[PDB]
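Heads up, the thing below is written out as structure tokens.
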Amino acid sequence: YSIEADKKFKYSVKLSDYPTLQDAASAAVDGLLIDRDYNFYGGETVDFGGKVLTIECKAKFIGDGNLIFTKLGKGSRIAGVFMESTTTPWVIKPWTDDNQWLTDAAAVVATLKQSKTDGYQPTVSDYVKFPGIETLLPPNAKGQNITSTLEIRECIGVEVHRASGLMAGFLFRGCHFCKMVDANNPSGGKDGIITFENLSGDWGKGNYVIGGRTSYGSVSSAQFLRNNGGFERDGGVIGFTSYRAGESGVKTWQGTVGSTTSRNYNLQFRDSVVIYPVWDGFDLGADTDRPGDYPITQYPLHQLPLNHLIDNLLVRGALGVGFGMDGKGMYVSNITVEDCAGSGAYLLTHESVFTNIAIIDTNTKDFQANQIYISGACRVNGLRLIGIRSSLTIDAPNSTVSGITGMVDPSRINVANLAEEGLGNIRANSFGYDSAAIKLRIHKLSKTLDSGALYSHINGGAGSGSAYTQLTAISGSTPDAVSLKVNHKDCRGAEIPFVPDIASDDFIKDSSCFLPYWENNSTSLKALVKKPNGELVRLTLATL
Amino acid sequence: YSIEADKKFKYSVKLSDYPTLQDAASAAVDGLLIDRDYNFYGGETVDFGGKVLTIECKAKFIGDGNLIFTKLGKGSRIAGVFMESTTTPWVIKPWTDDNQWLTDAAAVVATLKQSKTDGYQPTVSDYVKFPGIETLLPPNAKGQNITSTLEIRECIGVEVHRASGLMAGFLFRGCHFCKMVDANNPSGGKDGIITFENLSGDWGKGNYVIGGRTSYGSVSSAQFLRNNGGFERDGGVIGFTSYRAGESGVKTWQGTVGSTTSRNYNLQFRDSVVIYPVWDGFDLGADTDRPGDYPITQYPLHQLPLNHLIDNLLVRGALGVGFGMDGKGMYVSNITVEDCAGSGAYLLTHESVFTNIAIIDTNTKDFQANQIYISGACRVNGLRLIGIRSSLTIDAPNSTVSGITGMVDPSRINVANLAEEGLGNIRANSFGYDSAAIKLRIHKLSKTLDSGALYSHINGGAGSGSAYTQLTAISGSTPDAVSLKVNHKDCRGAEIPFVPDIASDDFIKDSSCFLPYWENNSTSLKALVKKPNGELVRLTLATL
Amino acid sequence: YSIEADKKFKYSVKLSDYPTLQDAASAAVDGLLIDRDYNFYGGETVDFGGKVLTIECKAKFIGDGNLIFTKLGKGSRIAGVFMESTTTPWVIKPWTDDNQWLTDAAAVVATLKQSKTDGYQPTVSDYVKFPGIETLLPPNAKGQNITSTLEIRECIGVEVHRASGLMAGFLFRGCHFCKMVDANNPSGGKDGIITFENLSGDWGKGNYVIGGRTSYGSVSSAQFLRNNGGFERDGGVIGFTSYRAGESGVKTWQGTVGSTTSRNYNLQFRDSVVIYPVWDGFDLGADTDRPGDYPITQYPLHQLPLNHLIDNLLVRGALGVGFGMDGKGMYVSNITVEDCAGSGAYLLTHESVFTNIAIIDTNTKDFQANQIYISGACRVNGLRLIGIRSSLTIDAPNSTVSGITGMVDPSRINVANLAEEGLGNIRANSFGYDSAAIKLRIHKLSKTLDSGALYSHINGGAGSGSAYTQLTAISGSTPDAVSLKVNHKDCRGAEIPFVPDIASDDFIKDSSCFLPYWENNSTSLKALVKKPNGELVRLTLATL
């Protein structure tokens, strides 16, 4: 029987049969079943001998600190891991029972409680976010560092599926071609919830976050350090959801970490959602010398050829900035940002294109100077502004924009050039008003007053079948001060404005034209005429 | 050997070894293999003893009625389940060989056949959908109730993967943190195909439909009763496809069911597709007192703070309404609805924002009064109307709209306010016409006639390098009746309209202006002048 | 013990125990573990006896040619397969270290190297793509045919998960209800990477590519031949990414293959991304008689009722065309195409609707005559053109378009009709200029010059509170040649242009109007008057 059995059954070793995780690992050949809770000590390391194993977790790993898995064979997969700290830390909860953000340090301090979820351990960035809190927090709530972390170290082709936990963290250190798939809403701890760190060895590649969901955590939910997806864009975040990040939903690190660059290139950031982060929805910047990276003499600050593939992202309820990034020659598309407390988008980009961007009701707490800020010479094609709420809305000094929609206040727009070059035949439709209008505003003259208009006003009331058209010009900072009318009171004639006094030679502009003016002392209308030959002559036009 | 074997092999029990499902369940420790068809009786209940098991289905469960699974341990997963009724009911197929919907009761009755798919059992709602059918249907096709249902009862953290079946249904009763993942196109029965019901106990939370595909069924494909995803929005429908729902693709129930509320809050409805439902694509309403829910004195009908996260949905071919919902303070984005028989969108919302909505060729069978209806004071930013087809198009009386695109008939638009406040320098480009135009229409005066215009017309023909500009005003319900022209017939002068008779004092409007008028009895042009001091005087302007 | 063991353990056979794959297959009952590399010979066929098995691959299948799997039971799944050729062919790499495309035959020939990835084997289509290359390529780099192919033959309900490989190919021949799920970036060979071929038997149905990622390959990444998803749209490509296809990202075949049609109907093409294909992003055409398909007498060329469900696709960096297709009565939505060398979209469609299309910086190498081409009578609602780059932009002769946004050159637009029928009250906002403008252009008169305008110009400088409005008309091909001004130099009067000479009777248009003209020999302004009765009379208007 032994021979028959050895050839017909699936091999799998189970934790309940061994005293330590390493004993189970050494015995493993194909599958490995975690069938009983295991208390690990921080730094406990397991060597898997290069075996390609399938780890099925049906119990939890308990402990503060890291449980390090090493030498897992390419193709290995861990499913259902549950990480839980042994410590129940002090957590703050900066939001109310109506889901309103609390921004007052005292009100935030009052939310203190010992829990492994539904809040997060204060971190030094909170001292900045809620000014004064550093002084108000009791010593036992400061400097906490609890996280139950599964650290996958220097492995390749290892995937972690349906992970979860309380005060949980997942760290891939020096890994390549690894994936965090369908994270089953782990509640984060002090550290990042999903981190791909490649500060040593080669630049990380093939590392992805696919289809997850995370909640809380003191810092960013998903973060990358020194990763480069290459031209193939092999790496990034796709179909992921982040709830209530203590810092940001997804973040690519900036600047120098240790003695090398922590920046990232050629990653995908698509079809993902970030809701209610204490800081940003997406923090895709690289710059904040650059050892280990491009020199400033080659690429100035904020002008790195990051080349990320960014598309179809949704952000809602950030206390900070909805979407932020930097870079040169970037193409960004289909971004939707709604109901944020800080800027909806903060863009330190140059020579980049933004297509179909919707920034709806953001900067609601006036944390910044505008709803959307663009640094360099960029192009925006399709920009939706204003939802249900009423600083500048958009300040993009060197950018050319087209296709803005929404109830934006014109005085709150600052761009280099705004234009609709390719519209077809047009119709202005007016509702709930006695007139329709097409207004012109030269922002160089005034950002608050229209300089001229073409109106249509009703004569009589509804259903009269009559209206008058008037062409206006501003004078003395009084809009519509001067104007020519056609059909006022259904008279069917043109009412024409004349100079109220003797017209000066320079008033008339073109040849073959005449400018009527008033001669009060003779009660006559005169006409300054500039003949077709350019010569001026004054004629009598109308008299008693 | 026994000891060695007990420690190195994967545990799994298989149905073929036991007489009943319960005997297999009691014997199970890790895996459970369904390797032979099992005929269950309705109400047959299996107790899994709290074990965390992995059920792999490679055969089917056959029977009419429910197969109830209980006490499954957190972490349990069932994959590949196939449900099939024992009965082959009578089904109707309200569509033709060209995929055209049949709406005539007689034509629908004629499609009757006994089958477990490619149709659905008539339900009382069909009596409403195809009027007269109640009288035409034979008694053996009425009141049928066939469904082979897998009922997961009061379990937590249980996932059902790649389910399928004929006349199949999946019901999670009183469950939490459960998921229906990658449904492998089950063909539905009389009941909902995927139902998360939480009428008892706590409000459902953590329940999701992720990546599915379903077909047919007599009622809704995916439906939720008394679920609340909380602020974290833990629950809902993501990446799902519903084909030919007998009622709607996805539905959140409304009103009182039993003696409690069946409503839902804080759920996600994103990246999903609904095609050809007999009723609606998405029915996300809550209201239709409210025991067990908010009182009407707190939130009036249709004004519940539902707070769903709705984004990126596509609907095509609904016989009913494409997208429908109610609520207050909702944010909805990126909805695309095409080729529907009833309204494309029916919105009973108040104080809500709709961003980037496309309603293309809907209400094609004039089932409703408009393509899109909005009840309350809402904001629409970006609205695309009209595809290839020619009631009102949009009736949103109290809403402010901006950014409409498409070949819409202006007379068919009714909104509170329509405006493009932030356009740049504009160019109207005319194709296939001898003129370009910018028309103004005051809907208060007339919804059918333009009240004025600014035209440019060719003088001569193509390539003449000449055109004339004319400014018009409507009079006597005849549009363009009065007008001033510049360069008519390349004359290079302004043609000006004068009052055809003695002008009345009230015809002139502003000071420092003059209004030419005709004096027929002297063959002279006179000028009613309103001096810069406000006084009127009549002067002679032109004579023989 | 034997009895106890036979009833409590999971059955699985492993390759290392058998000499050939067939011996392992015959022994299999539930699971099958590929635990050692297996060298197969081309054409090696394995018969699985109709068993429903779970094949877990933890090693690779090595060989040039096909490894044919047959008679796999419905429900079978293969996971982690790795295909690798035994041959290391000669591959070209048509792109540089900066990711710039190389288009010069000599430069491309110079990239030759022996590798199993990071390039692809030249194919006859390369002779067309890089003209002259056929002559420059050495004989050992021509006509290569290396591919390690897993061929699933005439099976139903079989899914392949997380496949990978080098010079790898996956072929479903005569299959139905099969799926290629989460392809783990296989590097392609000479043949298609994922192919659903149904040239024999029934039309393919239920075949999908779900969530993949592929790289390289000599031809198309994902392709379908003679598949029909039916009205249910059961089949297609969802959530897939294709990098550097030697031909196209996803392709539906056209014309006759063998003696039958290779065309496809009713498939889904959604939420997918294609980057850097040597040819097209998406090639969704059917036409290029039609044996086995609809006759030309029924549906003319390019007018097949294809009916695909197309939505949310992104294309970037194609050397060929971003998005291409043909058909009649199609509905296409939310397509984003950026930075392509050839056309962004080539559409040979008739009676079809395109909603929310963004074509940004395409045809950058002038490979075609335009950025977007539409053949038939179609409708476009929402079209974004121009990113950061400066042929026609859009040539759609018989199409009606609305909602264009972007810095498009008007002279480069050709459509049947362009219109904005439903805009609200309008405001033109001008930045960085001394004037604001609303220009009118009759393309019938001239595609390069505006025929008239309504301007607002500053009088003085910034903050003067004064501006003048002028209405212009083109004359002698000189735009703005004739014009009426209101408030020039803050004079507060209307400057009016008169005919520079005796006005001819035909110059005046309407009754009750007058047209001033010059009478040089008397230094007087006269007025050609057309009385309200239609009679003409010349009056003296202004004299010395």
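Residues are named by chain letter and number: chains run A, B, ... in the order of the structure tokens, numbers start at 1 in each chain, and ligands are numbered from 1 in the order shown.
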Counting only C-alpha atoms, which residues in chain C sit no more than 6 Å from chain A? For each one, give the nearest pair of atoms and the distance in Å, sorted by chain then residue number, as a Markdown table.
| residue | atom | partner | partner_atom | distance |
| --- | --- | --- | --- | --- |
| C:10 | CA | A:10 | CA | 5.6 |
| C:11 | CA | A:9 | CA | 4.5 |
| C:12 | CA | A:10 | CA | 4.9 |
| C:13 | CA | A:8 | CA | 5.1 |
| C:387 | CA | A:353 | CA | 5.9 |
| C:405 | CA | A:403 | CA | 5.0 |
| C:406 | CA | A:402 | CA | 5.2 |
| C:410 | CA | A:422 | CA | 5.8 |
| C:418 | CA | A:424 | CA | 4.5 |
| C:419 | CA | A:424 | CA | 4.0 |
| C:420 | CA | A:426 | CA | 5.0 |
| C:421 | CA | A:427 | CA | 5.3 |
| C:423 | CA | A:428 | CA | 5.1 |
| C:424 | CA | A:429 | CA | 4.4 |
| C:425 | CA | A:428 | CA | 5.0 |
| C:426 | CA | A:438 | CA | 4.6 |
| C:427 | CA | A:439 | CA | 4.5 |
| C:428 | CA | A:440 | CA | 5.0 |
| C:429 | CA | A:441 | CA | 5.0 |
| C:430 | CA | A:442 | CA | 5.0 |
| C:431 | CA | A:417 | CA | 5.1 |
| C:435 | CA | A:442 | CA | 5.9 |
| C:436 | CA | A:442 | CA | 5.6 |
| C:462 | CA | A:445 | CA | 4.4 |
| C:463 | CA | A:445 | CA | 5.1 |
| C:465 | CA | A:477 | CA | 4.0 |
| C:466 | CA | A:475 | CA | 4.4 |
| C:467 | CA | A:474 | CA | 5.8 |
| C:468 | CA | A:473 | CA | 5.5 |
| C:469 | CA | A:473 | CA | 5.6 |
| C:489 | CA | A:507 | CA | 5.8 |
| C:491 | CA | A:499 | CA | 5.7 |
| C:492 | CA | A:499 | CA | 5.3 |
| C:493 | CA | A:498 | CA | 4.0 |
| C:494 | CA | A:497 | CA | 5.7 |
| C:495 | CA | A:515 | CA | 4.5 |
| C:496 | CA | A:513 | CA | 5.1 |
| C:497 | CA | A:513 | CA | 4.0 |
| C:498 | CA | A:513 | CA | 5.6 |
| C:500 | CA | A:512 | CA | 5.8 |
| C:542 | CA | A:541 | CA | 4.4 |
| C:543 | CA | A:539 | CA | 5.1 |
| C:544 | CA | A:539 | CA | 5.0 |
Since we have the selection now, will you write its residues out, keeping C-alpha atoms, as a PDB file, in the first residue's frame?
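To be explicit, this is the file written out as out.pdb:
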ATOM      1  CA  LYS C  10      -6.919  14.222  -1.644  1.00  0.00           C
ATOM      2  CA  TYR C  11      -6.098  12.322  -4.849  1.00  0.00           C
ATOM      3  CA  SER C  12      -3.284  13.676  -6.966  1.00  0.00           C
ATOM      4  CA  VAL C  13      -0.755  12.061  -9.280  1.00  0.00           C
ATOM      5  CA  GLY C 387      -2.538  66.899 -26.917  1.00  0.00           C
ATOM      6  CA  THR C 405     -12.626  69.883 -27.383  1.00  0.00           C
ATOM      7  CA  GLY C 406      -8.949  70.730 -27.789  1.00  0.00           C
ATOM      8  CA  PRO C 410     -10.148  74.291 -37.895  1.00  0.00           C
ATOM      9  CA  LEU C 418     -20.650  70.048 -36.856  1.00  0.00           C
ATOM     10  CA  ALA C 419     -23.028  71.611 -34.278  1.00  0.00           C
ATOM     11  CA  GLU C 420     -23.599  72.561 -30.613  1.00  0.00           C
ATOM     12  CA  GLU C 421     -27.410  72.757 -30.503  1.00  0.00           C
ATOM     13  CA  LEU C 423     -25.421  75.074 -25.099  1.00  0.00           C
ATOM     14  CA  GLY C 424     -26.650  77.441 -22.393  1.00  0.00           C
ATOM     15  CA  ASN C 425     -25.848  81.113 -21.880  1.00  0.00           C
ATOM     16  CA  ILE C 426     -22.284  81.562 -23.060  1.00  0.00           C
ATOM     17  CA  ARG C 427     -19.181  83.433 -21.976  1.00  0.00           C
ATOM     18  CA  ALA C 428     -15.965  83.552 -24.042  1.00  0.00           C
ATOM     19  CA  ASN C 429     -13.035  84.118 -21.645  1.00  0.00           C
ATOM     20  CA  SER C 430      -9.793  85.427 -23.177  1.00  0.00           C
ATOM     21  CA  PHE C 431      -6.377  84.996 -21.528  1.00  0.00           C
ATOM     22  CA  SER C 435      -9.096  90.994 -27.039  1.00  0.00           C
ATOM     23  CA  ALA C 436     -11.730  88.292 -26.719  1.00  0.00           C
ATOM     24  CA  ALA C 462      -5.187  96.839 -18.295  1.00  0.00           C
ATOM     25  CA  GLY C 463      -7.623  98.194 -15.732  1.00  0.00           C
ATOM     26  CA  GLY C 465     -12.541  99.784 -17.537  1.00  0.00           C
ATOM     27  CA  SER C 466     -13.082 100.380 -21.260  1.00  0.00           C
ATOM     28  CA  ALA C 467     -13.172  98.201 -24.382  1.00  0.00           C
ATOM     29  CA  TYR C 468     -14.805  98.368 -27.811  1.00  0.00           C
ATOM     30  CA  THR C 469     -16.976  95.808 -29.524  1.00  0.00           C
ATOM     31  CA  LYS C 489     -11.292 104.790 -27.904  1.00  0.00           C
ATOM     32  CA  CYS C 491     -15.874 107.583 -27.591  1.00  0.00           C
ATOM     33  CA  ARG C 492     -19.222 105.885 -26.700  1.00  0.00           C
ATOM     34  CA  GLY C 493     -20.568 105.976 -30.231  1.00  0.00           C
ATOM     35  CA  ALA C 494     -21.061 103.542 -33.071  1.00  0.00           C
ATOM     36  CA  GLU C 495     -18.603 103.768 -35.968  1.00  0.00           C
ATOM     37  CA  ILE C 496     -20.416 102.702 -39.127  1.00  0.00           C
ATOM     38  CA  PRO C 497     -18.969 101.598 -42.503  1.00  0.00           C
ATOM     39  CA  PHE C 498     -20.538 103.010 -45.690  1.00  0.00           C
ATOM     40  CA  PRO C 500     -17.081 103.680 -50.699  1.00  0.00           C
ATOM     41  CA  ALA C 542     -24.957 114.074 -44.519  1.00  0.00           C
ATOM     42  CA  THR C 543     -23.463 117.178 -46.175  1.00  0.00           C
ATOM     43  CA  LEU C 544     -21.017 120.051 -45.608  1.00  0.00           C
TER      44      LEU C 544
END
Find the residues around residue 78 in chain B up to 9 Å (only C-alpha atoms counted), leave out those fewer than 4 positions away in its own chain, and share them as a ChimeraX atom specification.
-> /B:53-57,158-163
One decimal place gives the CA of residue 202 in chain B-CA of residue 350 in chain B separation as 28.7 Å
Quiz item: Do you know which residues are at most 10 Å from range 278-283 of chain A counting only C-alpha atoms, after dropping those on the same chain fewer than 5 positions away, and could you put them as number ranges by chain?
Solution: A: 94-95, 101, 125-126, 129, 216, 218-220, 222-223, 242-254, 269, 272-273, 313-326, 337, 340-346
> If you run DSSP on this backbone, which residues of range 103-306 of chain C come out as strand (DSSP E), and could you give them as a ChimeraX atom specification?
Replying inline: /C:113-114,148-153,159-161,164-173,179-181,187-188,194-197,208-210,213-216,222-225,227-228,236-238,241-243,250-252,256-257,260-261,264-265,268-275,282-284
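For the pair CA of residue 520 in chain C and CA of residue 485 in chain C, the separation is 23.4 Å.
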